[PDB]
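What follows draws every value from the coordinates through simple rules; no lab data is involved. Virtual Cβ from ideal backbone geometry, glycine too; neighbours counted across all protein chains shown.
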Number of protein chains: 2
Amino acid sequence: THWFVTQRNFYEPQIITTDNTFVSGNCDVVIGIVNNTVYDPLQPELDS
Amino acid sequence: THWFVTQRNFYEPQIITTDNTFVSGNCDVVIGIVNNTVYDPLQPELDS
Ligand SMILES: *[C@@H]1O[C@H](CO)[C@@H](O[C@@H]2O[C@H](CO)[C@@H](O)[C@H](O)[C@H]2NC(C)=O)[C@H](O)[C@H]1NC(C)=O
Ligand SMILES: *[C@@H]1O[C@H](CO)[C@@H](O[C@@H]2O[C@H](CO)[C@@H](O)[C@H](O)[C@H]2NC(C)=O)[C@H](O)[C@H]1NC(C)=O
Ligand SMILES: *[C@@H]1O[C@H](CO)[C@@H](O)[C@H](O)[C@H]1NC(C)=O
Ligand SMILES: *[C@@H]1O[C@H](CO)[C@@H](O)[C@H](O)[C@H]1NC(C)=O
């Protein structure tokens with residue numbers, strides 16, 4: 001039910017964040033792309 | 001006219017930001033260094 005990012009050769013699940021992923025293109029080009037939520041670690045720092 | 005950062009094996013121009021570059025030394029040492037503007041994605045998040 002949940003999506004994670006882990007190193008290729010060892011299962012170690014991490015919360016998908018903007019510090020773990022990079023942005024390129026959009027959803028209309030990538031084949032098989034799935035909807036999820038990406039955590040921004042800067043957002044609750046501004047809110048707090 | 002504009003400066004970009006791209007991967008060396010495939011042209012894909014990106015806006016020069018602090019998340020694409022690292023800081024080391026100053027302008028008085030590097031030979032051939034040029035003037036440009038480095039974008040900070042943190043600044044408009046604080047301003048807004
Ligand atoms: C992932 O989410 C996007 C955006 O919420 C979905 O794209 C929308 O899908 C609805 C229903 O199919 C359409 O009526 C809208 O026109 C779409 N909006 C956009 C921006 O294209 C997309 O369908 C979702 N993917 C899945 C499989 O749930
Ligand atoms: C890049 O910009 C810097 C700073 O704006 C320039 O530094 C100036 O250089 C002139 C001539 O050498 C000096 O007289 C000034 O004192 C410098 N100004 C400042 C604010 O330090 C620099 O010349 C520019 N480099 C290029 C390649 O034009
Ligand atoms: C994978 O293949 C199945 C066919 O068995 C298809 O229904 C599905 O959409 C495919 N998914 C992707 C991401 O290609
Ligand atoms: C590059 O070569 C030109 C000569 O065509 C010279 O004017 C310029 O100063 C040189 N720049 C560097 C960084 O070597």
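Values computed for the structure shown
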{"read-out": "Selection status of B:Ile16, surrounded by 12 or more Cβ atoms within 10 Å (Cβ to Cβ) and away from chain A (no Cβ under 12 Å)", "value": "yes"}
{"read-out": "Boolean, A:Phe4 is surrounded by fewer than 11 Cβ atoms within 10 Å (Cβ to Cβ) and among the aromatic types (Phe, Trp, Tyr)", "value": "no"}
{"read-out": "Members of region B:19-48 that are surrounded by 11 or more Cβ atoms within 10 Å (Cβ to Cβ) and either within 12 Å of chain A (Cβ to nearest Cβ) or closer than 18 Å to A:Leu42 by Cα (or both)", "value": "B:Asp19, B:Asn20, B:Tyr39, B:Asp40, B:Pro41, B:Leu42, B:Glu45"}
